[PDB]
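Presented below is the structure to which this report refers.
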Amino acid sequence: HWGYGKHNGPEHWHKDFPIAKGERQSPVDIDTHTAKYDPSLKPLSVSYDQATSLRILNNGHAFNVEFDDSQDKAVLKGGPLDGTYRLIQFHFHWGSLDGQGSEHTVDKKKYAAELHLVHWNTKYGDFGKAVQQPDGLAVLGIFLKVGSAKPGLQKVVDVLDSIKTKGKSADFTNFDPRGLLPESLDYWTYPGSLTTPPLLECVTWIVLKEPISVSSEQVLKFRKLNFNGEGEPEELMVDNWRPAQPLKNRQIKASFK
Ligand SMILES: NS(=O)(=O)c1cccc2ccccc12
Ligand code: NA
Ligand SMILES: [Zn+2]
């Protein structure tokens, strides 16, 4: 039922997922002036050297690149985190136009897209248990602006034609997610939620200050995907982003400045 249209989009979600109006929903506007620098925050540790990608899937909301998370191979730790979190999948949110697409905003600025690298806390043993816990997930968010191409994104863009419609998947081995990272790992962090249903409040958000640049042709290829299944009327996969939600009783911390 849920999606991103006029009849089933974010403003509808609370009727099936009442936690939509909860106390720690994501995304949020990052007010850079009122984020608190925390000199006690550690550098983020991204260990993606042994990442094993398996498959790329159109799930009718976005596309996910999924990883083997049955051993410590690609993990996030340090930063604001206490445990080790294993990479399970990444996906993106993007706009119909270059002026929108990101979920988090920075002083109300919207980027063309946002990458989410989703990781789960290994003390909970698997992803399904982790989403049930307030510290179960860590999502590393990276903004995309349109400019020069990102060469490390091209293998992704080039397979999209093979998973055009909802439910299609393709083998996707040997993809290296390190090729999607900006140079700096300076970040903001705050406790929040999944940004799609079921909107569970299990996420430590870590959002990088530095965006990556992708080319207009790269983002154009994202916009050719389809929300609909094969042999249904074409609905282009665009504007699959949830708007900023009330910060409520939360402080965004910054690792820098
Ligand atoms: N948009 S997102 O909040 O990164 C997100 C999308 C889909 C599933 C997720 C599972 C766990 C954590 C986050 C997830
Ligand atoms: Na294994
Ligand atoms: Zn996401």
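Letters A, B, ... go to the chains of the structure tokens in the order shown; residues in each chain start at 1; ligands are counted from 1 in the same order.
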
DSSP strand (DSSP E) selection over segment 32-177 of chain A, as a PyMOL selection string: chain A and resi 36-37+44-47+53-58+63-67+75-78+85-94+105-106+113-121+137-146+169-171

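Identified as lying at most 12 Å from ligand 2 when counting only C-alpha atoms and all ligand atoms are the residues residues 52, 67, 68, 69, 70, 71, 72 and 73 of chain A.
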
Neighbour list for residue 125 of chain A as a ChimeraX atom specification, cut-off 12 Å, only C-alpha atoms, skip fewer than 5 positions in-chain: /A:69-72,84-86,120,130-133,136-137

Given only C-alpha atoms as the counted atoms, nearest of A:214, A:236, A:200, A:115 to residue 17 of chain A: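 For residue 17 of chain A, the nearest of the candidates is A:200.
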
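Atom pair atom CA of residue 97 of chain A / atom CA of residue 152 of chain A has a distance of 22.3 Å (rounded to one decimal).
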
Neighbour list for segment 139-151 of chain A as number ranges by chain, cut-off 8 Å, only C-alpha atoms, skip fewer than 4 positions in-chain: A: 98, 102, 111-119, 179-181, 203-216, 218-219

Who sits within 6 Å of residue 38 of chain A, only C-alpha atoms, same chain under 2 positions skipped, as a ChimeraX atom specification: /A:40-41,255

Minimum-distance residue to residue 217 of chain A, chosen among A:58, A:153, A:189, A:183 (using only C-alpha atoms):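 The shortest atom-to-atom distance to residue 217 of chain A comes from A:153.
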